[PDB]
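target_28.cif follows (mmCIF, C-alpha atoms and all ligand atoms):
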data_work
loop_
_atom_site.label_atom_id
_atom_site.label_comp_id
_atom_site.auth_asym_id
_atom_site.auth_seq_id
_atom_site.Cartn_x
_atom_site.Cartn_y
_atom_site.Cartn_z
CA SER A 1 20.82 -5.20 213.34
CA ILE A 2 23.51 -2.44 213.26
CA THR A 3 23.20 0.39 210.67
CA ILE A 4 26.31 1.66 208.83
CA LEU A 5 26.02 5.26 207.55
CA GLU A 6 28.03 5.75 204.35
CA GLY A 7 28.09 8.38 201.60
CA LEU A 8 25.42 11.05 201.48
CA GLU A 9 23.54 9.36 204.31
CA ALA A 10 26.26 10.25 206.81
CA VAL A 11 26.30 13.88 205.70
CA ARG A 12 22.58 14.19 206.48
CA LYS A 13 23.06 12.52 209.88
CA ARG A 14 25.94 14.76 210.91
CA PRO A 15 25.92 17.72 208.56
CA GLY A 16 28.15 19.83 210.79
CA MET A 17 30.95 17.33 210.56
CA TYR A 18 31.20 18.12 206.87
CA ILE A 19 29.99 21.76 206.52
CA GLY A 20 30.90 23.32 209.85
CA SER A 21 27.62 24.18 211.42
CA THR A 22 23.93 24.02 210.73
CA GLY A 23 24.07 27.74 211.26
CA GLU A 24 24.98 30.62 208.96
CA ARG A 25 28.51 29.35 208.34
CA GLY A 26 27.33 25.95 207.20
CA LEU A 27 24.51 27.32 205.10
CA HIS A 28 26.95 29.56 203.21
CA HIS A 29 29.25 26.54 202.78
CA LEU A 30 26.91 25.22 200.19
CA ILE A 31 27.59 28.30 198.08
CA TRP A 32 31.32 28.05 198.76
CA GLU A 33 31.35 24.46 197.61
CA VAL A 34 29.70 25.29 194.29
CA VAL A 35 31.33 28.65 193.48
CA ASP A 36 34.75 27.12 194.27
CA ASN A 37 34.04 24.45 191.70
CA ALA A 38 33.25 27.17 189.18
CA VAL A 39 36.28 29.29 189.96
CA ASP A 40 38.49 26.18 189.57
CA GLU A 41 37.56 26.47 185.91
CA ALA A 42 38.43 30.18 185.69
CA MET A 43 41.74 29.32 187.40
CA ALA A 44 42.58 26.58 184.89
CA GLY A 45 41.88 29.06 182.06
CA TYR A 46 38.45 28.17 180.72
CA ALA A 47 35.89 30.26 182.54
CA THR A 48 35.83 34.05 182.25
CA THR A 49 32.57 34.84 184.02
CA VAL A 50 30.98 33.39 187.14
CA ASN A 51 27.50 34.52 188.05
CA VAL A 52 25.99 33.98 191.46
CA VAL A 53 22.25 34.59 191.94
CA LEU A 54 20.29 34.53 195.15
CA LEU A 55 16.86 33.50 193.84
CA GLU A 56 13.63 34.85 195.30
CA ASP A 57 12.51 31.37 196.50
CA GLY A 58 15.74 31.11 198.52
CA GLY A 59 17.61 29.01 195.98
CA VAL A 60 21.04 29.86 194.63
CA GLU A 61 22.20 29.77 191.02
CA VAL A 62 25.88 29.53 190.09
CA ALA A 63 26.67 29.83 186.39
CA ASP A 64 30.03 29.75 184.68
CA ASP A 65 31.34 29.54 181.12
CA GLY A 66 34.01 26.89 181.71
CA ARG A 67 34.13 23.50 180.04
CA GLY A 68 31.00 22.27 181.72
CA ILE A 69 30.76 19.30 183.98
CA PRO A 70 31.52 16.02 182.26
CA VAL A 71 28.24 14.42 181.14
CA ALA A 72 29.88 11.44 179.40
CA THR A 73 29.44 8.00 181.02
CA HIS A 74 31.94 7.34 183.84
CA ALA A 75 33.90 4.12 184.65
CA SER A 76 31.06 3.32 187.13
CA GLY A 77 28.54 3.12 184.26
CA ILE A 78 26.48 6.08 185.59
CA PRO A 79 26.94 9.58 183.97
CA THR A 80 29.94 11.51 185.34
CA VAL A 81 27.65 14.32 186.65
CA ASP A 82 25.80 11.79 188.83
CA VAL A 83 29.16 10.56 190.24
CA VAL A 84 30.28 14.07 191.17
CA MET A 85 26.85 14.93 192.52
CA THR A 86 25.98 11.69 194.46
CA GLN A 87 29.34 10.26 195.74
CA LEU A 88 31.85 11.56 198.35
CA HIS A 89 35.57 12.16 197.51
CA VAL A 90 33.91 17.10 200.74
CA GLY A 91 32.96 18.57 197.40
CA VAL A 92 29.77 19.60 195.84
CA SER A 93 28.01 16.28 196.36
CA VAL A 94 27.56 17.52 199.92
CA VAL A 95 25.42 20.39 198.63
CA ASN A 96 23.18 17.79 197.01
CA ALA A 97 22.85 15.78 200.23
CA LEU A 98 21.85 18.92 202.11
CA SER A 99 19.41 20.37 199.54
CA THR A 100 15.77 19.44 198.95
CA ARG A 101 16.65 19.82 195.23
CA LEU A 102 19.65 20.35 192.94
CA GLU A 103 19.38 21.25 189.24
CA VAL A 104 22.30 21.09 186.83
CA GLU A 105 22.22 22.71 183.40
CA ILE A 106 25.23 21.85 181.27
CA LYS A 107 26.53 22.75 177.89
CA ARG A 108 29.27 20.46 176.78
CA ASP A 109 29.65 18.15 173.81
CA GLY A 110 27.60 20.17 171.33
CA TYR A 111 24.25 20.26 173.14
CA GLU A 112 22.51 21.49 176.34
CA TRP A 113 22.10 19.02 179.15
CA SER A 114 19.74 19.07 182.07
CA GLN A 115 19.77 16.82 185.16
CA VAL A 116 17.56 17.19 188.26
CA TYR A 117 18.26 15.65 191.68
CA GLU A 118 15.21 15.38 193.89
CA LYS A 119 16.30 14.83 197.47
CA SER A 120 19.71 13.83 196.16
CA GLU A 121 18.21 11.24 193.76
CA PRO A 122 18.88 11.80 190.01
CA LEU A 123 15.71 12.05 187.88
CA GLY A 124 17.44 11.24 184.59
CA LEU A 125 19.87 13.11 182.31
CA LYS A 126 18.18 15.01 179.45
CA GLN A 127 19.71 16.09 176.12
CA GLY A 128 18.38 19.28 174.56
CA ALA A 129 19.27 21.82 171.86
CA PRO A 130 22.64 21.74 170.11
CA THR A 131 25.12 24.45 171.02
CA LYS A 132 28.82 25.16 170.47
CA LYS A 133 28.84 27.05 173.82
CA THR A 134 30.33 25.48 176.96
CA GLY A 135 29.80 25.91 180.75
CA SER A 136 27.63 24.82 183.66
CA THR A 137 24.79 26.19 185.76
CA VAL A 138 24.06 24.78 189.21
CA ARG A 139 20.89 25.41 191.20
CA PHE A 140 20.28 24.19 194.74
CA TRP A 141 17.68 24.73 197.45
CA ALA A 142 19.06 24.27 200.97
CA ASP A 143 17.10 21.82 203.14
CA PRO A 144 15.31 23.64 206.02
CA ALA A 145 15.25 20.34 207.89
CA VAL A 146 19.01 20.68 208.06
CA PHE A 147 19.63 24.37 208.61
CA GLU A 148 18.79 26.61 211.51
CA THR A 149 18.52 29.46 208.91
CA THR A 150 18.10 29.22 205.14
CA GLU A 151 18.45 33.01 204.55
CA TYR A 152 21.72 33.86 202.77
CA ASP A 153 23.63 36.98 203.80
CA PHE A 154 24.30 39.21 200.79
CA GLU A 155 27.23 40.95 202.32
CA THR A 156 29.02 37.76 203.47
CA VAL A 157 28.70 36.31 199.95
CA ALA A 158 29.85 39.61 198.36
CA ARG A 159 33.04 39.69 200.52
CA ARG A 160 34.17 36.18 199.52
CA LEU A 161 33.31 36.76 195.85
CA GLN A 162 35.29 39.94 195.96
CA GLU A 163 38.46 38.17 197.09
CA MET A 164 38.03 35.41 194.53
CA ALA A 165 38.06 38.19 191.99
CA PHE A 166 41.36 39.65 193.26
CA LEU A 167 43.03 36.24 193.12
CA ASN A 168 41.99 35.74 189.48
CA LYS A 169 42.65 38.81 187.30
CA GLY A 170 40.99 37.29 184.18
CA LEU A 171 37.76 36.55 186.10
CA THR A 172 34.57 38.58 186.44
CA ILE A 173 32.12 37.59 189.17
CA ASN A 174 28.62 38.99 189.13
CA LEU A 175 26.52 38.81 192.27
CA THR A 176 22.86 39.56 192.08
CA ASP A 177 20.11 39.34 194.72
CA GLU A 178 16.53 38.70 193.58
CA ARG A 179 14.93 38.99 196.99
CA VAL A 180 13.41 41.77 199.09
CA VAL A 181 17.19 43.77 191.80
CA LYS A 182 20.41 44.53 193.74
CA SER A 183 23.68 43.64 192.04
CA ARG A 184 27.49 43.91 192.40
CA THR A 185 30.22 43.20 189.86
CA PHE A 186 33.81 42.24 190.71
CA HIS A 187 36.60 42.38 188.15
CA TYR A 188 40.11 43.42 189.04
CA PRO A 189 42.60 43.54 186.15
CA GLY A 190 45.40 44.61 188.54
CA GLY A 191 44.73 41.37 190.45
CA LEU A 192 46.76 41.13 193.65
CA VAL A 193 47.85 44.80 193.32
CA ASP A 194 44.19 45.90 193.44
CA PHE A 195 43.96 43.72 196.55
CA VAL A 196 46.92 45.49 198.31
CA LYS A 197 45.50 48.87 197.26
CA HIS A 198 42.21 47.84 198.86
CA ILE A 199 43.88 46.84 202.16
CA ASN A 200 46.11 49.93 202.35
CA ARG A 201 43.36 52.51 201.93
CA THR A 202 42.59 53.52 205.49
CA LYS A 203 46.27 52.86 206.29
CA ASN A 204 48.80 55.37 204.95
CA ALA A 205 51.16 53.64 202.59
CA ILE A 206 54.81 54.37 203.28
CA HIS A 207 55.99 54.01 199.63
CA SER A 208 54.29 54.43 196.23
CA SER A 209 55.73 51.49 194.23
CA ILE A 210 53.78 48.27 194.99
CA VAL A 211 55.65 44.94 194.79
CA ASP A 212 54.14 42.47 192.24
CA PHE A 213 55.78 39.24 191.08
CA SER A 214 55.18 35.62 190.06
CA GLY A 215 56.83 32.19 190.01
CA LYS A 216 56.09 28.86 188.30
CA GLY A 217 57.47 25.40 189.19
CA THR A 218 56.48 21.72 189.20
CA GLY A 219 53.05 21.13 190.69
CA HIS A 220 52.88 24.69 192.01
CA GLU A 221 52.60 28.34 191.05
CA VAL A 222 52.95 31.53 193.25
CA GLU A 223 51.88 35.18 192.86
CA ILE A 224 52.81 37.86 195.49
CA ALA A 225 52.02 41.54 196.02
CA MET A 226 53.10 43.81 198.86
CA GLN A 227 53.29 47.43 200.08
CA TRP A 228 54.23 48.80 203.56
CA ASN A 229 52.05 51.25 205.60
CA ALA A 230 52.53 53.51 208.68
CA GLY A 231 50.95 50.60 210.55
CA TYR A 232 52.44 48.91 213.65
CA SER A 233 51.15 45.40 212.68
CA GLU A 234 51.08 43.24 209.57
CA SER A 235 48.15 42.52 207.18
CA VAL A 236 49.31 39.53 205.12
CA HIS A 237 46.56 37.49 203.32
CA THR A 238 47.44 34.01 202.14
CA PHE A 239 45.70 31.74 199.68
CA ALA A 240 46.07 28.25 198.21
CA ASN A 241 43.87 27.56 195.16
CA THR A 242 41.75 30.59 196.10
CA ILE A 243 41.17 29.00 199.51
CA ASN A 244 41.89 31.50 202.25
CA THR A 245 44.34 29.94 204.66
CA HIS A 246 43.93 31.95 207.86
CA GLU A 247 46.09 29.51 209.73
CA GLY A 248 48.64 29.98 206.93
CA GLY A 249 51.42 27.49 206.42
CA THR A 250 54.31 26.55 204.15
CA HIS A 251 53.63 29.23 201.45
CA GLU A 252 53.55 31.99 204.11
CA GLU A 253 56.63 30.58 205.94
CA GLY A 254 58.72 30.40 202.75
CA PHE A 255 57.82 34.02 202.06
CA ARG A 256 58.68 35.20 205.59
CA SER A 257 62.09 33.51 205.72
CA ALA A 258 62.91 34.99 202.31
CA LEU A 259 61.79 38.56 203.18
CA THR A 260 63.67 38.43 206.50
CA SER A 261 66.98 37.50 204.76
CA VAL A 262 66.49 39.88 201.82
CA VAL A 263 65.91 42.93 204.03
CA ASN A 264 68.83 42.13 206.38
CA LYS A 265 71.35 41.52 203.58
CA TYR A 266 70.18 44.65 201.72
CA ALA A 267 70.56 46.71 204.88
CA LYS A 268 74.16 45.53 205.37
CA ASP A 269 75.17 46.50 201.84
CA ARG A 270 73.50 49.87 202.20
CA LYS A 271 75.12 50.14 205.66
CA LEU A 272 71.64 50.98 206.94
CA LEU A 273 72.02 48.67 209.92
CA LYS A 274 75.41 48.59 211.71
CA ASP A 275 77.28 45.35 210.97
CA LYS A 276 77.88 45.28 214.75
CA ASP A 277 74.10 45.63 215.25
CA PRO A 278 72.11 42.39 215.29
CA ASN A 279 69.99 41.54 212.25
CA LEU A 280 66.45 42.90 212.16
CA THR A 281 63.78 40.37 213.18
CA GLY A 282 60.82 38.97 211.20
CA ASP A 283 58.44 41.09 213.28
CA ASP A 284 60.18 44.46 212.73
CA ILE A 285 60.39 43.88 208.96
CA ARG A 286 56.70 43.08 208.68
CA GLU A 287 55.63 45.94 210.98
CA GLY A 288 52.91 47.60 208.91
CA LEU A 289 53.35 45.33 205.88
CA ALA A 290 50.28 44.63 203.70
CA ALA A 291 50.80 41.59 201.46
CA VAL A 292 48.96 38.85 199.50
CA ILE A 293 50.48 35.42 198.82
CA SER A 294 48.50 33.32 196.39
CA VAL A 295 49.69 29.87 195.51
CA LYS A 296 48.25 27.42 193.02
CA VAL A 297 49.09 23.90 194.10
CA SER A 298 48.21 20.85 191.97
CA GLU A 299 47.70 18.58 194.99
CA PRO A 300 47.44 20.50 198.23
CA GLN A 301 47.42 19.12 201.77
CA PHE A 302 45.93 21.18 204.61
CA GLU A 303 46.59 20.71 208.34
CA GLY A 304 45.25 22.28 211.59
CA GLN A 305 41.82 21.84 213.23
CA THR A 306 40.52 24.58 210.95
CA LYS A 307 41.97 22.86 207.82
CA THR A 308 43.02 26.34 206.80
CA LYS A 309 46.76 25.58 206.95
CA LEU A 310 48.79 24.69 203.93
CA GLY A 311 51.23 21.91 204.79
CA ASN A 312 53.06 21.20 201.47
CA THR A 313 56.81 21.01 202.32
CA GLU A 314 57.52 21.26 198.58
CA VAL A 315 55.92 24.75 198.64
CA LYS A 316 57.92 26.34 201.51
CA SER A 317 61.15 25.97 199.52
CA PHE A 318 59.50 27.03 196.26
CA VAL A 319 58.00 30.33 197.55
CA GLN A 320 61.26 31.01 199.41
CA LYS A 321 63.43 30.68 196.26
CA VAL A 322 60.95 32.82 194.29
CA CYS A 323 60.82 35.65 196.87
CA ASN A 324 64.58 35.59 197.43
CA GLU A 325 65.15 36.18 193.73
CA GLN A 326 62.38 38.69 192.97
CA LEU A 327 62.40 40.69 196.19
CA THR A 328 66.17 41.24 195.72
CA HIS A 329 65.25 42.60 192.29
CA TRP A 330 62.53 44.93 193.67
CA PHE A 331 64.82 46.22 196.42
CA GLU A 332 67.72 47.12 194.13
CA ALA A 333 65.18 48.32 191.56
CA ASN A 334 63.53 50.83 193.89
CA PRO A 335 66.28 52.28 196.14
CA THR A 336 63.86 55.01 197.24
CA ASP A 337 61.23 52.56 198.48
CA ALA A 338 63.83 50.14 199.89
CA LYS A 339 65.34 52.91 202.01
CA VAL A 340 61.90 53.66 203.50
CA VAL A 341 60.74 50.15 204.37
CA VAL A 342 64.19 49.39 205.89
CA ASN A 343 64.05 52.53 208.03
CA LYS A 344 60.55 51.39 209.01
CA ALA A 345 62.19 48.13 210.13
CA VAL A 346 64.85 50.00 212.08
CA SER A 347 62.14 52.21 213.64
CA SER A 348 60.17 49.06 214.55
CA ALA A 349 63.30 47.59 216.28
CA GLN A 350 64.06 50.91 218.11
CA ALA A 351 60.41 51.16 219.32
CA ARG A 352 60.74 47.73 221.06
CA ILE A 353 64.02 48.81 222.81
CA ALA A 354 62.47 52.22 223.81
CA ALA A 355 59.64 50.37 225.67
CA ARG A 356 62.23 48.06 227.33
CA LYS A 357 64.52 50.90 228.60
CA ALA A 358 61.72 53.35 229.61
CA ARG A 359 60.45 51.50 231.58
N1 LIG B 1 31.52 23.95 186.73
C1 LIG B 1 32.40 22.95 186.58
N2 LIG B 1 33.22 22.95 185.50
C2 LIG B 1 34.07 21.92 185.33
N3 LIG B 1 34.25 20.85 186.11
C3 LIG B 1 33.43 20.89 187.18
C4 LIG B 1 32.49 21.87 187.48
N4 LIG B 1 31.75 21.52 188.59
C5 LIG B 1 32.23 20.35 188.93
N5 LIG B 1 33.25 19.91 188.12
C6 LIG B 1 33.99 18.64 188.17
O1 LIG B 1 33.57 17.92 189.32
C7 LIG B 1 34.50 18.16 190.42
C8 LIG B 1 33.81 18.79 191.63
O2 LIG B 1 33.70 17.76 192.63
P1 LIG B 1 34.25 18.05 194.11
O3 LIG B 1 33.67 19.33 194.59
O4 LIG B 1 33.98 16.81 194.90
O5 LIG B 1 35.85 18.18 193.89
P2 LIG B 1 36.80 19.45 193.72
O6 LIG B 1 37.84 19.09 192.61
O7 LIG B 1 35.85 20.63 193.53
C9 LIG B 1 37.75 19.85 195.22
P3 LIG B 1 36.87 19.66 196.73
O8 LIG B 1 36.24 18.26 196.78
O9 LIG B 1 37.90 19.92 197.81
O10 LIG B 1 35.78 20.78 196.61
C10 LIG B 1 35.65 18.98 189.84
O11 LIG B 1 36.87 18.44 190.37
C11 LIG B 1 35.50 18.82 188.32
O12 LIG B 1 36.32 17.76 187.85
MG MG B 2 34.56 21.00 195.06
#

Take the structure in the file and write it out as structure tokens.
Amino acid sequence: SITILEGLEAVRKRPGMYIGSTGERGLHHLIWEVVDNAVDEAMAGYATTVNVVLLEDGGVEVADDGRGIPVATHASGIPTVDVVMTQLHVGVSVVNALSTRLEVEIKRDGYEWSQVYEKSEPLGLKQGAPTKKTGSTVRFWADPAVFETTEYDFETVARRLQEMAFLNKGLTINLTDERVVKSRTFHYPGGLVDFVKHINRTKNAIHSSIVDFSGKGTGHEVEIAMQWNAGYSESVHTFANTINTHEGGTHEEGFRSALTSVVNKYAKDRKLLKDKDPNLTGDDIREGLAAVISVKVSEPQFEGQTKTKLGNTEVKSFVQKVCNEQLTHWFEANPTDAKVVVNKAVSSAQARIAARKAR
């Protein structure tokens, strides 16, 4: 009588529940799912190059030079690729459910492997030529029965790929469109500094020396870069495992609480703010601040309706202790720059009082 919808069947029935929408956002989610999976290699230290190709037929190719996708037989008894590609827990399997076809070309374990999924169903793993080379290529063709549009937007892809490249300084991402060949290449050796530079271009940076520092702990790693501009508002970009957390969370909060205390204490020693005067607020310190906070968490939990909010309690305290130590170093290290960004803080506090008094 009743029908229970499990696995990939559910995804097809309510794709939006998993992807977002059956519109542009959802369509591009297929790419995000796959490219993410590739970049996770580059992040771990195995991939160096990730190539995205928008094929003429409307397919997408995503090739990396990581360790490949395990082909070896899984605990289930079916090859590990098949598990990844046909079973939930989001993750790339969803791409399979929502494509008419998915083709995987692997090089692991001394040869070339090829597996095809026709309407999510595996057609049988094939072993080819021997090779000492390692990595994976994924091809998928979005199902038009699912999506309102199947046309990918070059520029939306390019923007995301660009930021993935800032977050990973060892990585090179090549985007190429075979429709309408138009190509873009993203590699930033400066990493998060090249990111800050990018942000503060149109804005006039207040000080020349850009803040760059790192921290490593238990199941987490952080990397921060910041530079103030003549701006009246902040531009702080936060990331957890290359995922852009617009909602922000514990990594951003640890950073804020550290920066707020570092600036205030520094000001007191320099006598920049009158001891009698109340401590500068979080808002006045970040007035015109451009920053990037990129954490690497081993097991990350996200909260918020968006699911773009890092919730790891463990991380708030970690980022805080890292900033407290390294920002104190950068302040004392650059007394020139410190004097400017503090005065900017003072100006930001005086501007709020000026609006209050008159009128
Ligand atoms: N190109 C690649 N190189 C190496 N391993 C890959 C890979 N593509 C897939 N995998 C393997 O399969 C998994 C991808 O499955 P899935 O997308 O469900 O999980 P995930 O670890 O990517 C996080 P999420 O499910 O949130 O996307 C990876 O965790 C990895 O173990
Ligand atoms: Mg995934």

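Here atom CA of residue 126 of chain A and atom CA of residue 58 of chain A stand 25.1 Å from one another.
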
Best match for closeness to ligand LIG 1 (chain B) among A:11, A:94, A:72, A:338, counting only C-alpha atoms and all ligand atoms: A:94

Given 8 Å and only C-alpha atoms and all ligand atoms, residues near ligand MG 2 (chain B) as a ChimeraX atom specification: /A:33-34,36-37,90-92

Atom-to-atom span, atom CA of residue 39 of chain A and atom CA of residue 254 of chain A, Å: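 Value for the atom CA of residue 39 of chain A-atom CA of residue 254 of chain A distance: 25.9 Å.
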
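With a cut-off of 7 Å and using all atoms listed in the file, the polymer residues contacting ligand LIG 1 (chain B) are residues 33, 36, 37, 38, 41, 64, 66, 67, 68, 69, 70, 84, 88, 89, 90, 91, 92, 93, 135 and 136 of chain A.
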
Top pick for closest residue to residue 281 of chain A, considering A:236, A:31, A:116, A:345 and counting only C-alpha atoms: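 Once distances to residue 281 of chain A are computed over only C-alpha atoms, the minimum belongs to A:345.
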
Contacts of segment 311-318 of chain A within 8 Å, all atoms listed in the file, excl. fewer than 2 positions in-chain, as a list in words: residues 217, 220, 249, 250, 251, 252, 253, 254, 255, 300, 301, 302, 303, 309, 320, 321 and 322 of chain A

Distance query 7 Å from (47.4, 37.0, 199.4) using only C-alpha atoms, result as number ranges by chain: A: 224, 236-239, 291-294

Spatial neighbours of residue 60 of chain A, max dist 7 Å, all atoms listed in the file, sep filter under 3 positions, as an NGL selection string: :A and (53-55 or 139-141)

Selected residue of minimal separation from residue 240 of chain A among A:214, A:308, A:51, A:185, counting all atoms listed in the file: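 When distances to residue 240 of chain A are compared using all atoms listed in the file, the smallest one comes from A:308.
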
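As for atom CA of residue 7 of chain A and atom CA of residue 43 of chain A, they are spaced 28.7 Å apart.
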
Taking 4 positions as the minimum chain separation for residues in the same chain, which residues sit within 8 Å of segment 261-277 of chain A when counting all atoms listed in the file? Answer as a tab-separated table (two decimals) with C-alpha atoms, keeping the file's coordinate frame.
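Contents of selection.tsv, as written:
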chain	number	residue	atom	x	y	z
A	257	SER	CA	62.09	33.51	205.72
A	285	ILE	CA	60.39	43.88	208.96
A	324	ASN	CA	64.58	35.59	197.43
A	327	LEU	CA	62.40	40.69	196.19
A	328	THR	CA	66.17	41.24	195.72
A	331	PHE	CA	64.82	46.22	196.42
A	342	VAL	CA	64.19	49.39	205.89
A	343	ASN	CA	64.05	52.53	208.03
A	346	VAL	CA	64.85	50.00	212.08

Ref. answer, residues at most 10 Å from (17.5, 18.3, 194.5) with all atoms listed in the file, as a count of residues only: 24

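Taking all atoms listed in the file into account, residue 206 of chain A lies nearest to A:289 out of the set A:180, A:310, A:289, A:319.
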
Best match for closeness to residue 138 of chain A among A:231, A:30, A:164, A:204, counting all atoms listed in the file: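 Closest to residue 138 of chain A of all the choices is A:30.
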
Some atoms are absent from segment 268-286 of chain A, so rebuild N, CA and C atoms and return them as a PDB file, keeping the file's coordinate frame.
ATOM      1  N   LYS A 268      72.719  45.605 205.171  1.00  0.00           N
ATOM      2  CA  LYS A 268      74.160  45.530 205.370  1.00  0.00           C
ATOM      3  C   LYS A 268      74.931  46.184 204.235  1.00  0.00           C
ATOM      4  N   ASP A 269      74.531  45.902 203.001  1.00  0.00           N
ATOM      5  CA  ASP A 269      75.170  46.500 201.840  1.00  0.00           C
ATOM      6  C   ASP A 269      74.971  48.003 201.830  1.00  0.00           C
ATOM      7  N   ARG A 270      73.769  48.448 202.152  1.00  0.00           N
ATOM      8  CA  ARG A 270      73.500  49.870 202.200  1.00  0.00           C
ATOM      9  C   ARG A 270      74.115  50.513 203.455  1.00  0.00           C
ATOM     10  N   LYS A 271      74.538  49.675 204.398  1.00  0.00           N
ATOM     11  CA  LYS A 271      75.120  50.140 205.660  1.00  0.00           C
ATOM     12  C   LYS A 271      74.032  50.731 206.555  1.00  0.00           C
ATOM     13  N   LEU A 272      72.784  50.441 206.220  1.00  0.00           N
ATOM     14  CA  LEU A 272      71.640  50.980 206.940  1.00  0.00           C
ATOM     15  C   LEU A 272      71.591  50.495 208.368  1.00  0.00           C
ATOM     16  N   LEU A 273      71.901  49.221 208.575  1.00  0.00           N
ATOM     17  CA  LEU A 273      72.020  48.670 209.920  1.00  0.00           C
ATOM     18  C   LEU A 273      73.490  48.346 210.202  1.00  0.00           C
ATOM     19  N   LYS A 274      74.002  48.808 211.345  1.00  0.00           N
ATOM     20  CA  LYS A 274      75.410  48.590 211.710  1.00  0.00           C
ATOM     21  C   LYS A 274      75.757  47.102 211.725  1.00  0.00           C
ATOM     22  N   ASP A 275      76.802  46.734 210.987  1.00  0.00           N
ATOM     23  CA  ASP A 275      77.280  45.350 210.970  1.00  0.00           C
ATOM     24  C   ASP A 275      77.355  44.784 212.392  1.00  0.00           C
ATOM     25  N   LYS A 276      77.853  45.605 213.325  1.00  0.00           N
ATOM     26  CA  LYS A 276      77.880  45.280 214.750  1.00  0.00           C
ATOM     27  C   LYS A 276      76.465  44.995 215.285  1.00  0.00           C
ATOM     28  N   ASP A 277      75.496  45.790 214.839  1.00  0.00           N
ATOM     29  CA  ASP A 277      74.100  45.630 215.250  1.00  0.00           C
ATOM     30  C   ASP A 277      73.515  44.274 214.847  1.00  0.00           C
ATOM     31  N   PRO A 278      72.673  43.661 215.730  1.00  0.00           N
ATOM     32  CA  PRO A 278      72.110  42.390 215.290  1.00  0.00           C
ATOM     33  C   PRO A 278      71.090  42.576 214.180  1.00  0.00           C
ATOM     34  N   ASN A 279      70.936  41.544 213.360  1.00  0.00           N
ATOM     35  CA  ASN A 279      69.990  41.540 212.250  1.00  0.00           C
ATOM     36  C   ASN A 279      68.564  41.814 212.683  1.00  0.00           C
ATOM     37  N   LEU A 280      67.850  42.613 211.895  1.00  0.00           N
ATOM     38  CA  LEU A 280      66.450  42.900 212.160  1.00  0.00           C
ATOM     39  C   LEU A 280      65.633  41.612 212.202  1.00  0.00           C
ATOM     40  N   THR A 281      64.574  41.593 213.007  1.00  0.00           N
ATOM     41  CA  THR A 281      63.780  40.370 213.180  1.00  0.00           C
ATOM     42  C   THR A 281      62.597  40.339 212.221  1.00  0.00           C
ATOM     43  N   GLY A 282      61.998  39.156 212.058  1.00  0.00           N
ATOM     44  CA  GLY A 282      60.820  38.970 211.200  1.00  0.00           C
ATOM     45  C   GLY A 282      59.687  39.928 211.512  1.00  0.00           C
ATOM     46  N   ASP A 283      59.491  40.190 212.804  1.00  0.00           N
ATOM     47  CA  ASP A 283      58.440  41.090 213.280  1.00  0.00           C
ATOM     48  C   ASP A 283      58.657  42.551 212.868  1.00  0.00           C
ATOM     49  N   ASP A 284      59.879  43.069 213.027  1.00  0.00           N
ATOM     50  CA  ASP A 284      60.180  44.460 212.730  1.00  0.00           C
ATOM     51  C   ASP A 284      60.116  44.727 211.236  1.00  0.00           C
ATOM     52  N   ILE A 285      60.455  43.728 210.426  1.00  0.00           N
ATOM     53  CA  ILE A 285      60.390  43.880 208.960  1.00  0.00           C
ATOM     54  C   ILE A 285      58.957  43.971 208.477  1.00  0.00           C
ATOM     55  N   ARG A 286      58.090  43.158 209.080  1.00  0.00           N
ATOM     56  CA  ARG A 286      56.700  43.080 208.680  1.00  0.00           C
ATOM     57  C   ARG A 286      55.812  44.066 209.418  1.00  0.00           C
TER      58      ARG A 286
END
